[PDB]
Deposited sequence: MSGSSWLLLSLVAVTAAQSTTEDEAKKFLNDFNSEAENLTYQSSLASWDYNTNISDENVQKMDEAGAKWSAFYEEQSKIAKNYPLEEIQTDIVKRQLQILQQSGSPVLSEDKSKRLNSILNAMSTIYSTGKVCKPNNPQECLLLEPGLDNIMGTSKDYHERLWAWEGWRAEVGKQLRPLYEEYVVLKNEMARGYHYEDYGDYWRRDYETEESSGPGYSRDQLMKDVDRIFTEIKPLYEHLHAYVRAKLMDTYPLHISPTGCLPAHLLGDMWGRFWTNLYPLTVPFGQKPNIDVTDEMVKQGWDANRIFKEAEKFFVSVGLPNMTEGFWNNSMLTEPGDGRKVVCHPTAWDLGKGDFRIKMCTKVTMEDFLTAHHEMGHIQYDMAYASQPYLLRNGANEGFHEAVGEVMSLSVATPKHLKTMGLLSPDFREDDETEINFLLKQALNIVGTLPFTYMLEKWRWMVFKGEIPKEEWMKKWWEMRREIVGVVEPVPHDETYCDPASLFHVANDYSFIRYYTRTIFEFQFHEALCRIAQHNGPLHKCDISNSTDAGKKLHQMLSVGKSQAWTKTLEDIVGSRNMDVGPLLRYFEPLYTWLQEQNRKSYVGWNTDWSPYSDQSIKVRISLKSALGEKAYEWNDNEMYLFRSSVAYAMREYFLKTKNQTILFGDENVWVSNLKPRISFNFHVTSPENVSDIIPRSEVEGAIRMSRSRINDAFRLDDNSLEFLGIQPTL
């Protein structure tokens, strides 16, 4: 009869056949993740193959129901989800090529090695080896070696794979009637509200631009403070006015600044909160940690953990010979089965992670009553926002004091709150320009606003202008520096981490207002607040049945993303940073580089393509060898790879500087390179058939 009834029948049959396959796939995945073996890989592969084949087939039938003839909102949203994702229009060879490219990128990221300059046999992987150096080392040259060996032995491998990946993903997204892959990634935030126009995919770009503009002053003051503290360590390597070098930010990519806390701590004589010893005492185990998390969630009115949660979840590493994945994840298996897989130690970080994963589980059982398509977060940021706002409420010193983990003799002075807010800001405020800038670069790479010959140029232009971070070594188009990040090489969207923070602090402000908290927002605990839990459960009950704008307006009173709660959270830290940055320079210039002061500008006056540039680099290396042999009586095998070229106009001018072999941090002084040029000027100017007037060598 009517298309509404046929759509309802199709959705009922799809749900009945879909919880079956989703639960079987989840059971196979759980059996692999809690028991790693080659036998359990095949079961997960088979179950996922059945589920994916069923999903693409049912999307193919789901395309046959026109969306303009459906009046019920729930059927409309379910059919929109079914029709948006499915079998692409890509041909079988192109789809095979895309799968091979993605597998190659993941394998290169997971198996890439960087070897020491002095020991060729000491080659380091990223996760145990290079991450330790990038997070713990205070040596400029070791960190520079780790930062430059990565993106050169790995990113240069990922450059042509990413170049083909962009084209294939853009074709696949154009097959789904989108402009590019960035639009297909921005389809998550698109809604059709009943009253007035809804949220669009360009509105997300406009909103994140506005939010970054609003967070720019606080990030500028935090950047100035971090630069002033990172001038003490690493002297004569940081400009007081310029950007921060990319290899001194606490990790490989500068994503989080949390490892800079020992260098940038205010009031280092004040100890931070660490109740791990108090749970080593009093006989705390993982069961006590998760029972306390359940008690916290019961205190706000949210339901208890189910009986199957306590039986089936892996809260500890198994004592028997079972290999497990030790990543804390909350699992929504389906059919009312909620489990947490995590290897819990008796630590404060594990306490807060337990509260985070229990918030994920609470969201799952809140929207478990919805139909299967709508059993998700309102957008991709809501789940992680709920987890982080539970972790924010729990981690307050008042909560630990009433929990018994903090002694009553502990007093909260103004110096301790500054340390807590700065440690929070190195993870929260320090990651927002990086996330925004990376998503922006990916969006205009997919759109085509960045041509293939300007990828690294635009990457390190927006890194200087947006993040205030300068590269220590110039990078041409042979490099692929975004692809050295996990999410870029593994095809993961990144704007969810940006929207998560805004939504999290909006929810924090709303729930602290409901809980009648009167003090500063960073000292707020929503425990014993049945009204706050009631509003939160009203939020979490609707998973995807309505627009996320309506859910956001229901919980925080605003339809739009607002960073005002985030700035209100960090207001005392902002005042303290403004007081501290009175003798320092706030802001940065995009002209200073670690290699900028020692580079010689070369003007071309007249076919100067890459071959002539290679010949020029070889000539400069030969002049370097001749000067070092005939002046200092030292033999050093300078090569073309030791001559670094920056600010390359296509035929007008460029800048160059020379570094030592086996040490990329040893930039040769500009006077020495000038003397080498003036010593062997004849061969250099005879290699291109020109006089000394055309090549100025200023």
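Engineer: Unmodelled stretches of the deposited sequence, numbered from 1?
Structural biologist: Missing CA coords at 1-18, 625-633, 726-731.
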